[PDB]
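Novice: Got a structure for you, protein.tsv, holding TSV, C-alpha atoms and all ligand atoms.
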chain	number	residue	atom	x	y	z
A	39	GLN	CA	35.85	41.85	45.24
A	40	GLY	CA	37.97	40.84	42.22
A	41	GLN	CA	41.73	40.47	41.69
A	42	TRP	CA	44.18	43.36	41.90
A	43	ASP	CA	45.81	43.64	38.49
A	44	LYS	CA	49.25	45.25	38.35
A	45	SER	CA	48.88	45.93	34.62
A	46	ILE	CA	45.87	47.89	33.34
A	47	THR	CA	45.23	48.08	29.61
A	48	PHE	CA	42.69	50.52	28.10
A	49	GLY	CA	41.14	49.73	24.71
A	50	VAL	CA	41.30	52.67	22.32
A	51	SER	CA	40.21	53.03	18.73
A	52	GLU	CA	42.65	51.45	16.25
A	53	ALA	CA	41.93	54.08	13.63
A	54	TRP	CA	42.59	56.81	16.16
A	55	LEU	CA	45.85	55.37	17.46
A	56	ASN	CA	47.36	54.71	14.06
A	57	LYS	CA	46.04	58.00	12.59
A	58	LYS	CA	48.36	60.75	11.45
A	59	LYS	CA	49.34	64.34	10.81
A	60	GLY	CA	52.51	65.08	8.83
A	61	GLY	CA	53.32	61.40	8.45
A	62	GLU	CA	53.63	61.42	12.23
A	63	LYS	CA	51.79	59.16	14.67
A	64	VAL	CA	50.56	62.20	16.59
A	65	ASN	CA	48.04	60.29	18.69
A	66	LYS	CA	50.71	57.88	19.86
A	67	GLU	CA	52.42	60.80	21.55
A	68	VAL	CA	49.19	62.08	23.09
A	69	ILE	CA	48.34	58.66	24.46
A	70	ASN	CA	51.78	58.14	25.98
A	71	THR	CA	51.60	61.46	27.84
A	72	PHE	CA	48.16	60.54	29.01
A	73	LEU	CA	49.28	57.12	30.23
A	74	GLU	CA	52.23	58.55	32.12
A	75	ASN	CA	50.05	61.18	33.82
A	76	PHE	CA	47.50	58.49	34.62
A	77	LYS	CA	50.01	56.12	36.12
A	78	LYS	CA	51.50	58.81	38.32
A	79	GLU	CA	48.17	60.07	39.73
A	80	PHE	CA	46.77	56.58	40.12
A	81	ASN	CA	49.70	55.31	42.13
A	82	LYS	CA	49.78	58.45	44.25
A	83	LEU	CA	46.16	57.87	45.23
A	84	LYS	CA	46.77	54.19	45.67
A	85	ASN	CA	49.75	54.66	47.97
A	86	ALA	CA	48.23	57.46	50.06
A	87	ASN	CA	45.54	55.08	51.40
A	88	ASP	CA	45.99	52.13	53.79
A	89	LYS	CA	43.33	50.17	52.03
A	90	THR	CA	45.42	49.98	48.86
A	91	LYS	CA	49.05	51.00	49.54
A	92	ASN	CA	50.24	47.42	50.00
A	93	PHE	CA	49.10	46.11	46.57
A	94	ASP	CA	51.52	46.16	43.63
A	95	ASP	CA	51.92	49.48	41.88
A	96	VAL	CA	50.11	49.56	38.53
A	97	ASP	CA	51.33	50.13	34.98
A	98	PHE	CA	48.95	51.53	32.34
A	99	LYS	CA	48.90	50.61	28.67
A	100	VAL	CA	46.58	50.89	25.65
A	101	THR	CA	45.69	48.35	23.01
A	102	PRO	CA	44.02	49.16	19.63
A	103	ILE	CA	40.40	48.09	19.27
A	104	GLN	CA	38.73	47.74	15.90
A	105	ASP	CA	35.22	48.79	16.96
A	106	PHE	CA	32.81	48.81	19.86
A	107	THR	CA	31.52	45.28	19.31
A	108	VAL	CA	35.07	44.03	19.74
A	109	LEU	CA	35.46	46.15	22.86
A	110	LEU	CA	32.38	44.85	24.57
A	111	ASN	CA	32.88	41.26	23.47
A	112	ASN	CA	36.51	41.27	24.56
A	113	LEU	CA	35.71	42.87	27.91
A	114	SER	CA	33.08	40.20	28.43
A	115	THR	CA	35.69	37.45	28.22
A	116	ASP	CA	37.27	38.95	31.38
A	117	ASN	CA	40.82	38.45	30.09
A	118	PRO	CA	43.46	40.61	31.85
A	119	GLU	CA	44.94	41.66	28.48
A	120	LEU	CA	42.03	44.13	28.18
A	121	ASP	CA	40.70	45.69	31.37
A	122	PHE	CA	38.71	48.80	30.47
A	123	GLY	CA	37.33	50.95	27.73
A	124	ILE	CA	34.88	53.78	27.04
A	125	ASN	CA	31.74	53.06	25.03
A	126	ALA	CA	28.74	54.87	23.67
A	127	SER	CA	26.02	54.69	26.31
A	128	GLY	CA	23.13	53.47	24.17
A	129	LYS	CA	25.10	50.64	22.60
A	130	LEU	CA	26.28	49.60	26.05
A	131	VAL	CA	22.76	49.62	27.48
A	132	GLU	CA	21.55	47.43	24.59
A	133	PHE	CA	24.52	45.08	25.07
A	134	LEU	CA	23.89	44.72	28.80
A	135	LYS	CA	20.17	44.11	28.21
A	136	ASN	CA	21.26	41.03	26.27
A	137	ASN	CA	24.12	40.17	28.65
A	138	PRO	CA	23.23	41.39	32.14
A	139	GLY	CA	26.10	42.14	34.52
A	140	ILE	CA	28.73	40.63	32.21
A	141	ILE	CA	30.89	43.80	32.37
A	142	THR	CA	30.83	46.65	34.92
A	143	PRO	CA	30.02	50.26	34.07
A	144	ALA	CA	31.91	52.67	36.29
A	145	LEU	CA	32.78	56.01	34.68
A	146	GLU	CA	30.43	58.54	33.12
A	147	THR	CA	32.05	61.06	30.74
A	148	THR	CA	30.69	64.60	30.33
A	149	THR	CA	31.23	67.08	27.48
A	150	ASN	CA	31.41	70.88	27.18
A	151	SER	CA	27.83	72.07	26.61
A	152	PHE	CA	26.92	73.66	23.30
A	153	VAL	CA	25.88	77.29	23.64
A	154	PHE	CA	22.52	76.25	22.11
A	155	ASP	CA	21.81	73.18	24.36
A	156	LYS	CA	22.81	73.70	28.00
A	157	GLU	CA	19.73	72.07	29.56
A	158	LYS	CA	19.32	68.35	29.50
A	159	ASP	CA	15.67	67.90	30.26
A	160	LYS	CA	14.11	69.04	26.98
A	161	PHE	CA	12.02	66.41	25.19
A	162	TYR	CA	9.68	66.09	22.24
A	163	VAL	CA	6.27	67.66	22.78
A	164	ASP	CA	4.58	68.28	19.43
A	165	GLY	CA	7.04	69.25	16.68
A	166	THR	CA	5.72	72.79	16.36
A	167	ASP	CA	7.61	76.08	16.63
A	168	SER	CA	7.09	76.00	20.38
A	169	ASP	CA	8.54	72.50	20.80
A	170	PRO	CA	11.73	72.67	22.90
A	171	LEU	CA	13.59	70.46	20.39
A	172	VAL	CA	12.51	72.73	17.55
A	173	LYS	CA	13.67	75.77	19.51
A	174	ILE	CA	17.15	74.26	19.81
A	175	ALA	CA	17.17	73.59	16.05
A	176	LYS	CA	16.39	77.27	15.44
A	177	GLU	CA	19.33	78.26	17.67
A	178	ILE	CA	21.57	75.91	15.68
A	179	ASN	CA	20.41	77.58	12.46
A	180	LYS	CA	21.30	81.02	13.84
A	181	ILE	CA	24.84	79.70	14.25
A	182	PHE	CA	25.20	77.46	11.20
A	183	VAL	CA	22.92	79.04	8.60
A	184	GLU	CA	22.59	82.76	9.43
A	185	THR	CA	26.37	83.01	9.89
A	186	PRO	CA	27.14	80.48	7.14
A	187	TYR	CA	29.41	77.59	8.21
A	188	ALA	CA	31.26	77.71	4.85
A	189	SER	CA	32.58	81.16	5.74
A	190	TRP	CA	33.59	80.42	9.32
A	191	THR	CA	37.28	80.92	9.95
A	192	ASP	CA	39.65	79.21	12.30
A	193	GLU	CA	40.15	82.57	13.96
A	194	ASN	CA	36.57	83.77	14.37
A	195	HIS	CA	35.10	80.43	15.46
A	196	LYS	CA	38.24	79.56	17.52
A	197	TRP	CA	39.21	76.30	15.84
A	198	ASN	CA	41.82	74.62	18.08
A	199	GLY	CA	42.52	71.68	15.77
A	200	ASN	CA	39.84	69.72	17.63
A	201	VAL	CA	36.64	71.82	17.81
A	202	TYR	CA	35.30	75.25	17.03
A	203	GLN	CA	35.42	76.49	20.61
A	204	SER	CA	33.08	79.41	20.00
A	205	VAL	CA	30.07	77.10	19.80
A	206	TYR	CA	30.59	75.76	23.34
A	207	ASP	CA	30.14	76.86	26.93
A	208	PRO	CA	32.92	75.04	28.81
A	209	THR	CA	31.69	76.30	32.17
A	210	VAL	CA	28.71	74.00	31.90
A	211	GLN	CA	29.23	70.26	31.56
A	212	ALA	CA	26.59	68.31	29.72
A	213	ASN	CA	26.02	64.75	30.90
A	214	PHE	CA	24.20	64.06	27.68
A	215	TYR	CA	24.15	64.49	23.90
A	216	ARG	CA	21.46	64.39	21.23
A	217	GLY	CA	20.95	63.55	17.58
A	218	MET	CA	19.48	65.94	15.06
A	219	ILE	CA	17.57	65.91	11.80
A	220	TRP	CA	18.79	68.04	8.89
A	221	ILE	CA	16.88	69.10	5.79
A	222	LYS	CA	18.32	70.37	2.54
A	223	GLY	CA	16.96	71.87	-0.66
A	224	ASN	CA	16.13	74.93	-2.65
A	225	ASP	CA	13.47	77.22	-1.24
A	226	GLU	CA	10.53	75.37	-2.79
A	227	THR	CA	11.82	71.96	-1.64
A	228	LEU	CA	12.48	73.14	1.93
A	229	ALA	CA	8.94	74.47	2.08
A	230	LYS	CA	7.52	71.18	0.84
A	231	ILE	CA	9.51	69.25	3.45
A	232	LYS	CA	8.34	71.55	6.24
A	233	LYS	CA	4.75	71.29	4.97
A	234	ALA	CA	4.94	67.51	5.06
A	235	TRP	CA	6.29	67.65	8.59
A	236	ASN	CA	3.58	70.08	9.71
A	237	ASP	CA	0.86	67.99	8.04
A	238	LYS	CA	2.30	64.72	9.39
A	239	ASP	CA	2.49	63.36	5.82
A	240	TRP	CA	5.02	60.64	6.40
A	241	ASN	CA	4.91	59.27	2.85
A	242	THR	CA	5.73	62.63	1.36
A	243	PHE	CA	8.30	63.40	4.01
A	244	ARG	CA	10.05	60.05	3.74
A	245	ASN	CA	10.12	60.15	-0.06
A	246	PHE	CA	12.36	63.25	0.06
A	247	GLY	CA	15.03	60.69	0.94
A	248	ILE	CA	16.61	60.02	4.33
A	249	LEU	CA	20.31	59.60	5.05
A	250	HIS	CA	21.13	57.72	8.24
A	251	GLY	CA	23.87	55.79	10.06
A	252	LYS	CA	23.94	52.13	10.98
A	253	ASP	CA	20.84	50.78	12.64
A	254	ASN	CA	22.73	50.24	15.90
A	255	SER	CA	23.57	53.93	16.16
A	256	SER	CA	21.76	56.02	18.79
A	257	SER	CA	22.51	59.49	17.38
A	258	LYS	CA	22.48	58.54	13.65
A	259	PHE	CA	19.50	56.22	13.75
A	260	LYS	CA	17.51	55.30	16.87
A	261	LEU	CA	17.05	58.73	18.51
A	262	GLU	CA	15.79	60.19	15.23
A	263	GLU	CA	13.58	57.15	14.63
A	264	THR	CA	11.90	57.92	17.98
A	265	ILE	CA	11.25	61.56	17.05
A	266	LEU	CA	9.77	60.53	13.66
A	267	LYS	CA	7.58	57.92	15.28
A	268	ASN	CA	6.38	60.37	17.96
A	269	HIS	CA	5.66	63.00	15.29
A	270	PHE	CA	4.17	60.93	12.47
A	271	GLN	CA	2.17	58.72	14.81
A	272	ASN	CA	0.38	55.74	13.25
A	273	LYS	CA	2.18	56.17	9.96
A	274	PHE	CA	4.91	53.52	10.39
A	275	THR	CA	6.21	50.83	12.88
A	276	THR	CA	10.00	51.06	12.59
A	277	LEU	CA	12.43	52.70	10.23
A	278	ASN	CA	13.81	49.26	9.30
A	279	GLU	CA	10.36	48.02	8.36
A	280	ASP	CA	9.62	51.20	6.41
A	281	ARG	CA	12.94	50.97	4.55
A	282	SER	CA	12.26	47.35	3.56
A	283	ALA	CA	9.16	48.50	1.73
A	284	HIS	CA	10.65	51.83	0.50
A	285	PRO	CA	14.34	51.10	-0.10
A	286	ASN	CA	15.21	53.93	-2.50
A	287	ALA	CA	14.04	56.42	0.14
A	288	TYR	CA	16.98	55.56	2.41
A	289	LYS	CA	20.77	55.57	2.20
A	290	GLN	CA	23.53	55.06	4.75
A	291	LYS	CA	25.79	58.11	4.58
A	292	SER	CA	27.09	60.87	6.86
A	293	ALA	CA	24.95	64.01	7.04
A	294	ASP	CA	27.89	66.12	5.96
A	295	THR	CA	27.50	64.59	2.46
A	296	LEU	CA	23.81	65.46	2.13
A	297	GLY	CA	24.60	68.37	-0.17
A	298	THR	CA	26.14	66.05	-2.77
A	299	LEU	CA	23.11	63.84	-3.23
A	300	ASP	CA	20.29	65.19	-5.36
A	301	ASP	CA	17.78	62.48	-4.41
A	302	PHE	CA	18.21	62.87	-0.63
A	303	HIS	CA	17.01	65.84	1.44
A	304	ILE	CA	16.90	64.62	5.06
A	305	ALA	CA	19.82	63.45	7.20
A	306	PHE	CA	20.52	62.22	10.71
A	307	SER	CA	23.57	63.21	12.72
A	308	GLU	CA	24.94	63.93	16.12
A	309	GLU	CA	23.72	67.28	17.38
A	310	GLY	CA	26.29	69.89	16.40
A	311	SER	CA	28.61	67.54	14.49
A	312	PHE	CA	29.78	70.60	12.52
A	313	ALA	CA	31.45	71.79	15.73
A	314	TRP	CA	34.21	69.17	15.41
A	315	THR	CA	34.27	69.13	11.61
A	316	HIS	CA	36.77	71.55	10.10
A	317	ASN	CA	35.15	73.38	7.24
A	318	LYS	CA	38.41	73.35	5.27
A	319	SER	CA	38.44	69.54	5.18
A	320	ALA	CA	39.11	68.18	1.70
A	321	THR	CA	35.90	66.21	1.93
A	322	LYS	CA	34.07	69.54	1.66
A	323	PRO	CA	31.76	68.85	4.62
A	324	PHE	CA	28.23	70.24	4.59
A	325	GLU	CA	28.74	71.78	1.13
A	326	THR	CA	25.52	72.40	-0.82
A	327	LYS	CA	24.67	73.63	-4.30
A	328	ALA	CA	24.60	77.34	-4.83
A	329	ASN	CA	20.86	77.77	-4.54
A	330	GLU	CA	20.33	75.17	-1.81
A	331	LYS	CA	20.75	75.32	1.95
A	332	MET	CA	21.05	72.72	4.68
A	333	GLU	CA	19.41	73.49	8.02
A	334	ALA	CA	18.36	71.88	11.26
A	335	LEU	CA	14.74	70.73	11.52
A	336	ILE	CA	14.64	69.33	15.04
A	337	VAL	CA	16.99	67.73	17.57
A	338	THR	CA	16.26	64.57	19.56
A	339	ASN	CA	15.74	63.55	23.18
A	340	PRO	CA	18.94	63.33	25.22
A	341	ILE	CA	20.98	60.32	26.30
A	342	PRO	CA	24.17	60.05	28.38
A	343	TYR	CA	27.64	60.66	27.02
A	344	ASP	CA	30.07	57.73	26.85
A	345	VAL	CA	30.54	55.28	29.69
A	346	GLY	CA	33.71	53.62	30.94
A	347	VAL	CA	33.31	49.94	31.58
A	348	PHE	CA	35.51	47.34	33.24
A	349	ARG	CA	35.94	43.62	32.79
A	350	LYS	CA	34.15	42.12	35.77
A	351	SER	CA	37.10	40.73	37.72
A	352	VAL	CA	39.14	43.92	38.12
A	353	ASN	CA	39.31	44.59	41.87
A	354	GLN	CA	36.66	47.09	43.03
A	355	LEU	CA	39.17	49.21	44.96
A	356	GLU	CA	41.27	49.44	41.78
A	357	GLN	CA	38.22	50.35	39.67
A	358	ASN	CA	37.30	53.19	42.02
A	359	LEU	CA	40.91	54.51	42.03
A	360	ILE	CA	40.90	54.43	38.22
A	361	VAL	CA	37.61	56.37	38.15
A	362	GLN	CA	38.99	58.99	40.56
A	363	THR	CA	42.15	59.23	38.52
A	364	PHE	CA	40.10	60.23	35.43
A	365	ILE	CA	38.27	62.83	37.55
A	366	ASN	CA	41.42	64.26	39.07
A	367	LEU	CA	43.29	64.36	35.71
A	368	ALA	CA	40.43	66.42	34.25
A	369	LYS	CA	40.44	68.72	37.25
A	370	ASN	CA	44.20	69.35	37.06
A	371	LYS	CA	44.10	69.68	33.28
A	372	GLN	CA	46.36	66.70	32.74
A	373	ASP	CA	43.96	64.80	30.52
A	374	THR	CA	45.52	64.98	27.08
A	375	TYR	CA	43.29	62.25	25.67
A	376	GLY	CA	39.65	62.75	26.66
A	377	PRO	CA	39.08	66.20	25.17
A	378	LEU	CA	40.09	64.86	21.73
A	379	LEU	CA	37.03	62.63	21.92
A	380	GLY	CA	34.71	65.18	23.51
A	381	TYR	CA	35.35	64.04	27.08
A	382	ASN	CA	35.74	67.28	29.03
A	383	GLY	CA	34.82	65.87	32.44
A	384	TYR	CA	34.12	62.65	34.32
A	385	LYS	CA	31.85	61.41	37.14
A	386	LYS	CA	31.60	58.09	39.03
A	387	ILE	CA	28.56	56.00	38.17
A	388	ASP	CA	26.72	55.44	41.44
A	389	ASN	CA	23.68	53.71	39.92
A	390	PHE	CA	23.87	52.50	36.34
A	391	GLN	CA	20.18	51.68	36.05
A	392	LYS	CA	19.11	55.14	37.18
A	393	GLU	CA	21.82	57.30	35.70
A	394	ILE	CA	22.21	55.59	32.35
A	395	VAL	CA	19.61	52.96	31.56
A	396	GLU	CA	16.54	54.92	32.59
A	397	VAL	CA	17.81	57.99	30.83
A	398	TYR	CA	18.39	56.10	27.59
A	399	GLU	CA	15.04	54.33	27.79
A	400	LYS	CA	13.12	57.60	28.30
A	401	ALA	CA	14.78	59.06	25.18
A	402	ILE	CA	13.85	56.22	22.83
A	403	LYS	CA	10.28	56.35	24.08
A	501	LIG	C1	36.04	66.80	19.86
A	501	LIG	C2	34.88	65.83	19.60
A	501	LIG	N1	33.67	66.11	20.15
A	501	LIG	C3	32.62	65.32	19.95
A	501	LIG	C4	32.77	64.13	19.24
A	501	LIG	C5	31.53	63.24	19.08
A	501	LIG	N2	31.32	62.22	20.12
A	501	LIG	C6	32.30	61.62	20.80
A	501	LIG	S1	31.60	60.50	21.95
A	501	LIG	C7	29.97	60.89	21.44
A	501	LIG	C8	28.71	60.21	21.98
A	501	LIG	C9	28.57	58.80	21.40
A	501	LIG	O1	28.37	58.90	19.97
A	501	LIG	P1	28.68	57.75	18.92
A	501	LIG	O2	29.96	57.04	19.29
A	501	LIG	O3	28.67	58.34	17.56
A	501	LIG	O4	27.59	56.63	19.11
A	501	LIG	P2	26.15	56.57	18.39
A	501	LIG	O5	25.32	57.75	18.81
A	501	LIG	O6	26.34	56.44	16.82
A	501	LIG	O7	25.54	55.21	18.91
A	501	LIG	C10	30.06	61.75	20.36
A	501	LIG	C11	28.82	62.47	19.80
A	501	LIG	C12	34.04	63.84	18.74
A	501	LIG	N3	34.27	62.70	18.07
A	501	LIG	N4	35.06	64.73	18.86
A	502	BR	BR	54.35	55.76	39.29
A	503	BR	BR	53.41	56.47	44.04
A	504	BR	BR	40.54	55.34	50.09
A	505	BR	BR	41.86	82.04	10.08
A	506	BR	BR	26.90	54.92	12.42
A	507	BR	BR	19.90	52.24	3.63
A	508	BR	BR	27.90	64.79	10.06
A	509	CA	CA	45.41	43.80	32.79
A	510	CA	CA	24.30	76.46	-0.63
Any chance you could give the structure as structure tokens?
Ligand SMILES: Cc1ncc(C[n+]2csc(CCOP(=O)(O)OP(=O)(O)O)c2C)c(N)n1
Ligand SMILES: [Br-]
Ligand SMILES: [Br-]
Ligand SMILES: [Br-]
Ligand SMILES: [Br-]
Ligand SMILES: [Br-]
Ligand SMILES: [Br-]
Ligand SMILES: [Br-]
Ligand SMILES: [Ca+2]
Ligand SMILES: [Ca+2]
Specialist:
Amino acid sequence: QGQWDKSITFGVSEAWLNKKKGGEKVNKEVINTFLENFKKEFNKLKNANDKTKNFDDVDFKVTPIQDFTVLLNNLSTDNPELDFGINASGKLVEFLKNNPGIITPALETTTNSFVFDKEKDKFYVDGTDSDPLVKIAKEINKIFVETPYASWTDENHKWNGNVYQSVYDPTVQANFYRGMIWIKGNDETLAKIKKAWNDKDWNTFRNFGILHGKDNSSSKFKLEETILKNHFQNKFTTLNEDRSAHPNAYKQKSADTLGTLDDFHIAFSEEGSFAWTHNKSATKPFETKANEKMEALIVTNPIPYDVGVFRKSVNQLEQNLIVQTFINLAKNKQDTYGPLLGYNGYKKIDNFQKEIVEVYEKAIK
């Protein structure tokens, strides 16, 4: 059953919380509004129901968390100073494989669908022009390359300080996201990369240089590794093993820096990362040399958006009221926090193995 806890603390990213605009702790203000709205809806639900109206009313707080390992480790201690947080689904699945039932998944986030990827169940087939993942990449290129990202304006792609709204369909919630593989070069180099892909010439492809995220990343490492393995069958075992024998062919960097690196021409990223990346940023994101272009090659198989997880001993009735509070806050447009992270909706997890684990496992196969 677990103990009713009259104080609930959510872990939130440290960097995010202490981040600023104008010298101001903007996110502090956002989180306080969110916490107040949360507390009011929670206790209304709580007190409207006989099953829970006699417990103590609950206060809601946040605490900064350095990174996801700290979140999951600290939740696993089951210390009431940290009761809940929201984690990337793949990383959570891998953690729970190692530590079964140690923490309790309860909330599934959803995100506004991209106009180019509104259907979850599209998977790798053969890497040709007719491949569903290749078709999405071509739709991305119509948005990012044909209408060049560098010339997008806040006004004509509806930048709202958060995302370019014009690349989304808010009326459709996606209970998934994907990674993607970018390629960059002049015309001759792009053709050579595409030829190597088409010919399944892994050595040649790989030697164009691959940028990636950390090896525990789903969307900047593992999902793309799966596509490459499924495409260039028999040519390698794992990306880590391949890198250990070919180290100058790999570098850990964000895809939006690909254009700055002359010895790298392939990069992994979240699908549509440009959609929340302001093109005016001083980092000059996605900039390429004058006679080079960056374009999508293929996206990956889909996995669930982030999952909210509780320390094990929070009372079940309280967990379910907290889940419903997320849902109702989204419905009534009182969630000032979630949409800043891409969380545009929420659902209860009814079956973690089916709804999360099996989905993740199918994608990395
Ligand atoms: C407005 C906005 N939309 C989208 C994002 C991206 N995003 C937030 S949660 C999520 C899924 C989990 O991704 P990540 O935490 O990068 O884990 P990884 O795939 O590296 O394991 C992503 C793609 C964002 N940061 N901001
Ligand atoms: Br209250
Ligand atoms: Br109340
Ligand atoms: Br109830
Ligand atoms: Br503008
Ligand atoms: Br990463
Ligand atoms: Br590396
Ligand atoms: Br990126
Ligand atoms: Ca607590
Ligand atoms: Ca260019």
Novice: Can you tell me, as a PDB file with C-alpha atoms, keeping the file's coordinate frame, which residues sit within 10 Å of (8.6, 61.5, 7.9) in the file's frame, using all atoms listed in the file?
Specialist:
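To be explicit, this is the file written out as point.pdb:
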ATOM      1  CA  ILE A 231       9.510  69.250   3.450  1.00  0.00           C
ATOM      2  CA  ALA A 234       4.940  67.510   5.060  1.00  0.00           C
ATOM      3  CA  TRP A 235       6.290  67.650   8.590  1.00  0.00           C
ATOM      4  CA  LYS A 238       2.300  64.720   9.390  1.00  0.00           C
ATOM      5  CA  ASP A 239       2.490  63.360   5.820  1.00  0.00           C
ATOM      6  CA  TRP A 240       5.020  60.640   6.400  1.00  0.00           C
ATOM      7  CA  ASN A 241       4.910  59.270   2.850  1.00  0.00           C
ATOM      8  CA  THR A 242       5.730  62.630   1.360  1.00  0.00           C
ATOM      9  CA  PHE A 243       8.300  63.400   4.010  1.00  0.00           C
ATOM     10  CA  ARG A 244      10.050  60.050   3.740  1.00  0.00           C
ATOM     11  CA  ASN A 245      10.120  60.150  -0.060  1.00  0.00           C
ATOM     12  CA  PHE A 246      12.360  63.250   0.060  1.00  0.00           C
ATOM     13  CA  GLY A 247      15.030  60.690   0.940  1.00  0.00           C
ATOM     14  CA  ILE A 248      16.610  60.020   4.330  1.00  0.00           C
ATOM     15  CA  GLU A 263      13.580  57.150  14.630  1.00  0.00           C
ATOM     16  CA  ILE A 265      11.250  61.560  17.050  1.00  0.00           C
ATOM     17  CA  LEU A 266       9.770  60.530  13.660  1.00  0.00           C
ATOM     18  CA  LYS A 267       7.580  57.920  15.280  1.00  0.00           C
ATOM     19  CA  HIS A 269       5.660  63.000  15.290  1.00  0.00           C
ATOM     20  CA  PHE A 270       4.170  60.930  12.470  1.00  0.00           C
ATOM     21  CA  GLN A 271       2.170  58.720  14.810  1.00  0.00           C
ATOM     22  CA  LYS A 273       2.180  56.170   9.960  1.00  0.00           C
ATOM     23  CA  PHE A 274       4.910  53.520  10.390  1.00  0.00           C
ATOM     24  CA  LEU A 277      12.430  52.700  10.230  1.00  0.00           C
ATOM     25  CA  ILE A 304      16.900  64.620   5.060  1.00  0.00           C
TER      26      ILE A 304
END
Novice: Quick one: of A:119, A:280, A:225, A:132, who's nearest to ligand BR 507 (chain A), counting all atoms listed in the file?
Specialist: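 Once distances to ligand BR 507 (chain A) are computed over all atoms listed in the file, the minimum belongs to A:280.
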Novice: Find the nearest atom pair between each residue of chain A and ligand LIG 501 (chain A) for residues within 7 Å, count all atoms listed in the file, give distances in Å to one decimal, sort rows by chain and ascending number, and present the table as JSON lines.
Specialist:
{"residue": "A:126", "atom": "CA", "partner": "A:LIG501", "partner_atom": "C9", "distance": 4.5}
{"residue": "A:127", "atom": "CA", "partner": "A:LIG501", "partner_atom": "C9", "distance": 6.9}
{"residue": "A:128", "atom": "CA", "partner": "A:LIG501", "partner_atom": "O7", "distance": 6.0}
{"residue": "A:129", "atom": "CA", "partner": "A:LIG501", "partner_atom": "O7", "distance": 5.9}
{"residue": "A:200", "atom": "CA", "partner": "A:LIG501", "partner_atom": "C1", "distance": 5.3}
{"residue": "A:201", "atom": "CA", "partner": "A:LIG501", "partner_atom": "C1", "distance": 5.5}
{"residue": "A:215", "atom": "CA", "partner": "A:LIG501", "partner_atom": "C11", "distance": 6.5}
{"residue": "A:254", "atom": "CA", "partner": "A:LIG501", "partner_atom": "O7", "distance": 6.5}
{"residue": "A:255", "atom": "CA", "partner": "A:LIG501", "partner_atom": "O7", "distance": 3.6}
{"residue": "A:256", "atom": "CA", "partner": "A:LIG501", "partner_atom": "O7", "distance": 3.9}
{"residue": "A:257", "atom": "CA", "partner": "A:LIG501", "partner_atom": "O5", "distance": 3.6}
{"residue": "A:258", "atom": "CA", "partner": "A:LIG501", "partner_atom": "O6", "distance": 5.4}
{"residue": "A:308", "atom": "CA", "partner": "A:LIG501", "partner_atom": "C11", "distance": 5.5}
{"residue": "A:311", "atom": "CA", "partner": "A:LIG501", "partner_atom": "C5", "distance": 6.9}
{"residue": "A:314", "atom": "CA", "partner": "A:LIG501", "partner_atom": "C1", "distance": 5.4}
{"residue": "A:343", "atom": "CA", "partner": "A:LIG501", "partner_atom": "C8", "distance": 5.2}
{"residue": "A:344", "atom": "CA", "partner": "A:LIG501", "partner_atom": "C8", "distance": 5.6}
{"residue": "A:377", "atom": "CA", "partner": "A:LIG501", "partner_atom": "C1", "distance": 6.1}
{"residue": "A:378", "atom": "CA", "partner": "A:LIG501", "partner_atom": "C1", "distance": 4.9}
{"residue": "A:379", "atom": "CA", "partner": "A:LIG501", "partner_atom": "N4", "distance": 4.2}
{"residue": "A:380", "atom": "CA", "partner": "A:LIG501", "partner_atom": "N1", "distance": 3.6}
Novice: Grab the residues selected above and save them as a short mmCIF file (atom, residue, chain, number, x, y, z; two decimals), in the frame of the given file with C-alpha atoms.
Specialist:
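The new file part_28.cif reads:
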data_model
loop_
_atom_site.label_atom_id
_atom_site.label_comp_id
_atom_site.auth_asym_id
_atom_site.auth_seq_id
_atom_site.Cartn_x
_atom_site.Cartn_y
_atom_site.Cartn_z
CA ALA A 126 28.74 54.87 23.67
CA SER A 127 26.02 54.69 26.31
CA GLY A 128 23.13 53.47 24.17
CA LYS A 129 25.10 50.64 22.60
CA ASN A 200 39.84 69.72 17.63
CA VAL A 201 36.64 71.82 17.81
CA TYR A 215 24.15 64.49 23.90
CA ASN A 254 22.73 50.24 15.90
CA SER A 255 23.57 53.93 16.16
CA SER A 256 21.76 56.02 18.79
CA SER A 257 22.51 59.49 17.38
CA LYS A 258 22.48 58.54 13.65
CA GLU A 308 24.94 63.93 16.12
CA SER A 311 28.61 67.54 14.49
CA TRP A 314 34.21 69.17 15.41
CA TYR A 343 27.64 60.66 27.02
CA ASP A 344 30.07 57.73 26.85
CA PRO A 377 39.08 66.20 25.17
CA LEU A 378 40.09 64.86 21.73
CA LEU A 379 37.03 62.63 21.92
CA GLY A 380 34.71 65.18 23.51
#
Novice: Counting all atoms listed in the file, figure out which residue out of A:135, A:89, A:195, A:316 gets nearest to ligand BR 508 (chain A).
Specialist: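 Looking at the shortest contact to ligand BR 508 (chain A), the residue is A:316.
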Novice: Please return as a tab-separated table (two decimals) with C-alpha atoms, in the coordinates of the input the residues found within 10 Å of ligand CA 509 (chain A), counting only C-alpha atoms and all ligand atoms.
Specialist:
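Contents of the output file selection22.tsv:
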chain	number	residue	atom	x	y	z
A	42	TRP	CA	44.18	43.36	41.90
A	43	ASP	CA	45.81	43.64	38.49
A	44	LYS	CA	49.25	45.25	38.35
A	45	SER	CA	48.88	45.93	34.62
A	46	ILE	CA	45.87	47.89	33.34
A	47	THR	CA	45.23	48.08	29.61
A	48	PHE	CA	42.69	50.52	28.10
A	96	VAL	CA	50.11	49.56	38.53
A	97	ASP	CA	51.33	50.13	34.98
A	98	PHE	CA	48.95	51.53	32.34
A	99	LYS	CA	48.90	50.61	28.67
A	116	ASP	CA	37.27	38.95	31.38
A	117	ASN	CA	40.82	38.45	30.09
A	118	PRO	CA	43.46	40.61	31.85
A	119	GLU	CA	44.94	41.66	28.48
A	120	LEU	CA	42.03	44.13	28.18
A	121	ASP	CA	40.70	45.69	31.37
A	122	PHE	CA	38.71	48.80	30.47
A	349	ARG	CA	35.94	43.62	32.79
A	352	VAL	CA	39.14	43.92	38.12
